[PDB]
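One chain follows as structure tokens, the form deposited in one PDB entry.
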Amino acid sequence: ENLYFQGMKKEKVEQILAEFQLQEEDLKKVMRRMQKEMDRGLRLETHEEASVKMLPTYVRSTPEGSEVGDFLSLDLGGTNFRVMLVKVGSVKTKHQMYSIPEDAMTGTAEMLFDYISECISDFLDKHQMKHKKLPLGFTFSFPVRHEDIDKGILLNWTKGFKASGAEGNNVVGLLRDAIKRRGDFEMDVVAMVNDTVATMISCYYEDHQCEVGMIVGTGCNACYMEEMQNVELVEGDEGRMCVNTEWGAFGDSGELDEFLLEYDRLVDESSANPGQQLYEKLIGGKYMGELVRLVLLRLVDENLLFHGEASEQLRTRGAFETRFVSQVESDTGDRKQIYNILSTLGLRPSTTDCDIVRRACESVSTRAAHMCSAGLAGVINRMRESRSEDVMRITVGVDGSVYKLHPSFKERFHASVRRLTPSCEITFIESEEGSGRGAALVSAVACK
């Protein structure tokens, strides 16, 4: 054992972990670069080259007028596929979750939308309604270049999705064609929204100050209410339109280069979309645990962890799940949670190993919270400027397992947003069934 040696080991761990550190000035730099990229995406002259796409959603600030009745909602791209029946009068919901097979997410668009339509049929039978033709709202968690609220092309798949025959095509069309091939129900697709947009809309229902939507789950993204005069891609300068930032692609033109560590390059190189969604790759739950796994292998290689031996499970891709980062950070101090996770990964951890794993986890999750804060602060700061407000009071609607379930992420992120947003009063609100509800609310408003 030896307490002097255990300590020397932790000091070398720290020297390696220090590379994850971001100073307040680094965050301001990241923030200013994000803001610079947001200006670029919005303008007709730089839009095509901008990494931050600032996509117009065609979701407009509207005086009101919501339709009443039953609305169907689809949710694709997060954790599984969701069908929701929404009753607008007051709003009450009925919903079901379906696990997407790998062969559908990685095969053809036809296989993907065929399975989606099968699930819709199953929801409609379970609620005895495959006869009623309802207005349908679609939450599709991928970058889309809209022509309208109900017409838009998939730019590229993100988060490991790889279905062929989808990119370059109208997503509403793919969906509608799949419903027709099946021929056992009818739906009128009225709106297609990003998950950030759906979250902002359902959160707004509860707090009219909500004009920003943020997702920190499998992926990381944000939307906000932009002035129509700043939305150059849409003719008109009156009122506001929701803009899908698609901020996950920040750094794809080299904007984050000085901050990318070896672990970031490896995660990127072994991903389905290399060289893409690099800022998301620093924060998203699809990558967080993999980043911790990589740091642990580096520490095993320096003979600082697990007697310099890594098990087959520790050398398995995606074995250190993001939920384990959350669970390791939940540990009360006894080390029991850390121990069980490590034992299940075929390791024989000492008390010191448990503490080192704890440290690698906090170094990755604190970096994610800090990188994510520079992005939110850039959006909020830009809004304060555009609205020419001395003190801007805004509510941010947030969804996703990383922000929701990670034990300290949310706190580190809020504190870092606050530091970067002086003269801003930000209220953070967590969405209760965010996406589904949101896509149906936009549908009720659109269905006039």
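C-alpha atoms forming the largest set that superposes within 1.5 Å between two forms make up the rigid core. So that there is no doubt, residue numbering starts at 1 and follows the sequence shown.
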Missing residues between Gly89 and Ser90 in the deposited sequence, please: none, 1 to 3, 4 to 9, or 10 or more. 4 to 9
Between 313 to 321 and 273 to 281, which has the higher average C-alpha B-factor in the PDB entry? 313 to 321
Residue range whose averaged C-alpha B-factor is higher in the record, 324 to 332 or 196 to 204: 324 to 332
Peak C-alpha temperature factor (PDB record), options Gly239, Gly77, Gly254, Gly165: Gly77
Highest recorded C-alpha temperature factor, please, choosing from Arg145, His131, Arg359, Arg181. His131
Thinking about Cα B factors across the chain, which third does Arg82 belong to? middle
Lowest, middle or highest third of the chain for the C-alpha temperature factor of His95? highest
Taking only the Cα B-factors deposited for this chain, tell me whether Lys286 sits in the lowest, middle or highest third. lowest
Lowest, middle or highest third: where is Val52 by Cα B-factor in its chain? lowest
Among modelled residues of the same chain, the CA temperature factor third for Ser117: middle
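This next part talks about the form deposited in another entry, which is not shown.
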Only one of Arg298, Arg335, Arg359, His95 shifts its Cα by 2 Å or more between the shown form and the other one once the rigid core is superposed, namely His95
Once you line up the core, how about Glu411: does its CA shift reach 2 Å between the shown form and the other one? no
Rigid core fitted, then: does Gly77 show a CA shift of 2 angstroms or greater between the shown form and the other one? yes
Rigid-core frame, C-alpha of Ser121, shift of 2 angstroms or more between the shown form and the other one: yes
Checking the C-alpha spacing of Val59 and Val68, a student should find that in that other deposited form it changes by 3 angstroms or more, with the atoms closer
Mind checking the CA-CA distance of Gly65 and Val59 in that other deposited form? It differs by 3 Å or more from this form, so is it closer or farther? closer
